[PDB]
Every structure is written in structure tokens, then in C-alpha cells.
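Colleague: Next up is a structure, given as C-alpha cells.
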Amino acid sequence: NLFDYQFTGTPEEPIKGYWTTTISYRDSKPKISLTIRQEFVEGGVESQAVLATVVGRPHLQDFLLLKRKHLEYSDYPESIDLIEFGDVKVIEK
């Protein structure tokens with residue numbers, strides 16, 4: 001495949017109540033990655049997204065593409081599907 005993947009923690013073994021997954025464009029430097037942090041709340045899972053990227057990129061489209069890969073890789077895609085671009089923290093290196 002064409003993406004790099006990592007995770008730290010899981011829903012069954014969260015790290016201080018959180019777990020995170022990161023998916024990135026292979027060989028990106030400065031790195032293009034989307035990190036999704038999840039935690040249990042009453043009735044479901046709450047997701048927060050950070051797009052680490054670079055000045056000039058089409059952040060919306062990068063976000064949408066990495067979001068689709070997160071949907072296939074996460075354990076609670078319904079919670080990630082709710083994230084809209086306006087909610088994403090964008091860090092341009």
C-alpha cells in the first residue's frame with residue numbers, strides 16, 4: 001500500500017483514557033499526516049484530529065483523503081466520520 005500507519009494505545013487498553021492512530025503519506029518530508037485521538041464518553045467515542053502538513057498544500061483534500069484511510073483503519077469509524085475540516089487542528093511546518 002501507499003500509506004504509513006502507527007497507533008499508540010487501543011480502546012481496550014487506553015493510555016490515560018486515550019488511544020491514537022496516525023496515517024501519513026509515505027516518504028513525506030516535511031511530513032503529511034493525520035492523527036486521530038479517541039476517548040470513551042457516555043454513549044460513544046469522541047474523536048479529535050490533527051493534520052500535520054506544510055504551507056501550500058490543499059489541506060481540505062489531504063484531510064479528506066487521510067480521513068477515508070482512517071475510516072478503514074479505526075475501530076470506531078462512526079466517530080471519525082463526524083469530524084469536519086473546521087474541527088481539525090492544522091500544523092504547517
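Chain lettering (A, B, ...) mirrors the order of the C-alpha cells, residue numbering begins at 1 for each chain separately, and ligand numbering begins at 1 in order of display.
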For stretch 71-82 of chain A, find every residue with an atom within 7 Å (counting only C-alpha atoms), except residues of its own chain fewer than 4 positions away, and show them as a ChimeraX atom specification.

Modeller: /A:45-47,67

Colleague: May I have the residues within 7 Å of stretch 14-20 of chain A as a list in words, using only C-alpha atoms and disregarding those fewer than 2 positions away in the same chain?

Modeller: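 Skipping anything fewer than 2 positions along the chain leaves residues 7, 8, 9, 10, 11, 12, 22, 35, 36, 37, 38 and 39 of chain A.
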
Colleague: Those selected residues, please, written with N, CA and C atoms and delivered as a tab-separated table (two decimals), in the first residue's frame.

Modeller:
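Printed below is part.tsv as written:
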chain	number	residue	atom	x	y	z
A	7	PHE	N	-0.08	3.30	15.70
A	7	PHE	CA	-1.05	3.56	16.74
A	7	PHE	C	-0.36	3.45	18.10
A	8	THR	N	-0.91	4.17	19.07
A	8	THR	CA	-0.43	4.10	20.45
A	8	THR	C	-1.64	3.99	21.34
A	9	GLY	N	-1.76	2.86	22.05
A	9	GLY	CA	-2.93	2.55	22.83
A	9	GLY	C	-4.00	1.94	21.95
A	10	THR	N	-5.00	1.36	22.60
A	10	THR	CA	-6.15	0.73	21.99
A	10	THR	C	-7.37	1.03	22.84
A	11	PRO	N	-8.58	0.85	22.29
A	11	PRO	CA	-9.79	1.03	23.12
A	11	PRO	C	-9.83	0.12	24.34
A	12	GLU	N	-9.29	-1.09	24.27
A	12	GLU	CA	-9.33	-1.96	25.44
A	12	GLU	C	-8.23	-1.60	26.43
A	22	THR	N	-2.27	7.22	13.67
A	22	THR	CA	-1.69	8.20	12.74
A	22	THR	C	-1.48	7.53	11.40
A	35	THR	N	-3.54	12.64	12.55
A	35	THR	CA	-3.55	11.89	13.80
A	35	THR	C	-4.93	12.01	14.43
A	36	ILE	N	-5.54	10.88	14.78
A	36	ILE	CA	-6.87	10.87	15.38
A	36	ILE	C	-6.74	10.34	16.80
A	37	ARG	N	-7.16	11.13	17.78
A	37	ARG	CA	-7.17	10.75	19.18
A	37	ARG	C	-8.60	10.49	19.62
A	38	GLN	N	-8.83	9.35	20.29
A	38	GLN	CA	-10.16	8.94	20.69
A	38	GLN	C	-10.23	8.66	22.18
A	39	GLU	N	-11.42	8.84	22.72
A	39	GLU	CA	-11.71	8.50	24.11
A	39	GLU	C	-13.18	8.17	24.22

Colleague: Taking into account only C-alpha atoms, which residue in the set A:92, A:4, A:27, A:42 is nearest to residue A:58?

Modeller: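 Using only C-alpha atoms, the shortest distance to residue A:58 belongs to A:92.
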
Colleague: Which of chain A counts as strand (DSSP E) under DSSP, as a VMD selection string please?

Modeller: chain A and resid 3 to 8 19 to 25 33 to 41 44 to 53 89 to 92

Colleague: Write the residues of the selection above to a file with C-alpha atoms, as a PDB file, in the first residue's frame.

Modeller:
ATOM      1  CA  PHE A   3       0.465   4.922   3.462  1.00  0.00           C
ATOM      2  CA  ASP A   4       2.351   4.585   6.736  1.00  0.00           C
ATOM      3  CA  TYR A   5       0.455   3.625   9.875  1.00  0.00           C
ATOM      4  CA  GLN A   6       1.028   3.718  13.602  1.00  0.00           C
ATOM      5  CA  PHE A   7      -1.045   3.555  16.743  1.00  0.00           C
ATOM      6  CA  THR A   8      -0.428   4.104  20.445  1.00  0.00           C
ATOM      7  CA  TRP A  19      -5.839   5.999  22.129  1.00  0.00           C
ATOM      8  CA  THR A  20      -4.389   7.434  18.943  1.00  0.00           C
ATOM      9  CA  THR A  21      -3.851   6.375  15.319  1.00  0.00           C
ATOM     10  CA  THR A  22      -1.694   8.197  12.744  1.00  0.00           C
ATOM     11  CA  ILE A  23      -1.761   7.685   8.985  1.00  0.00           C
ATOM     12  CA  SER A  24       0.638   9.534   6.718  1.00  0.00           C
ATOM     13  CA  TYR A  25       1.821   9.857   3.157  1.00  0.00           C
ATOM     14  CA  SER A  33      -0.005  13.009   8.450  1.00  0.00           C
ATOM     15  CA  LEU A  34      -3.402  12.907  10.151  1.00  0.00           C
ATOM     16  CA  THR A  35      -3.553  11.888  13.804  1.00  0.00           C
ATOM     17  CA  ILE A  36      -6.871  10.873  15.383  1.00  0.00           C
ATOM     18  CA  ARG A  37      -7.172  10.750  19.184  1.00  0.00           C
ATOM     19  CA  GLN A  38     -10.163   8.935  20.688  1.00  0.00           C
ATOM     20  CA  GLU A  39     -11.707   8.505  24.107  1.00  0.00           C
ATOM     21  CA  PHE A  40     -14.874   6.977  25.507  1.00  0.00           C
ATOM     22  CA  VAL A  41     -17.659   9.317  26.575  1.00  0.00           C
ATOM     23  CA  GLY A  44     -19.980   6.630  22.309  1.00  0.00           C
ATOM     24  CA  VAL A  45     -16.468   7.694  21.355  1.00  0.00           C
ATOM     25  CA  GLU A  46     -15.148  11.249  20.924  1.00  0.00           C
ATOM     26  CA  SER A  47     -12.551  11.911  18.201  1.00  0.00           C
ATOM     27  CA  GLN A  48     -10.073  14.789  17.731  1.00  0.00           C
ATOM     28  CA  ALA A  49      -7.943  15.290  14.583  1.00  0.00           C
ATOM     29  CA  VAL A  50      -4.565  16.966  13.977  1.00  0.00           C
ATOM     30  CA  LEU A  51      -3.319  17.463  10.409  1.00  0.00           C
ATOM     31  CA  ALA A  52       0.447  17.988  10.383  1.00  0.00           C
ATOM     32  CA  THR A  53       1.394  19.273   6.954  1.00  0.00           C
ATOM     33  CA  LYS A  89      -6.043  21.408  14.095  1.00  0.00           C
ATOM     34  CA  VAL A  90      -3.701  22.146  11.174  1.00  0.00           C
ATOM     35  CA  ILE A  91       0.022  22.450  11.886  1.00  0.00           C
ATOM     36  CA  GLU A  92       2.000  23.755   8.910  1.00  0.00           C
TER      37      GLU A  92
END

Colleague: Please compute the atom CA of residue A:63-atom CA of residue A:13 distance, one decimal, in Å.

Modeller: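 Calculated distance between atom CA of residue A:63 and atom CA of residue A:13 is 27.2 Å.
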
Colleague: When you count only C-alpha atoms, which of these residues is closest to residue A:29: A:54, A:83, A:88, A:65?

Modeller: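 The shortest atom-to-atom distance to residue A:29 comes from A:54.
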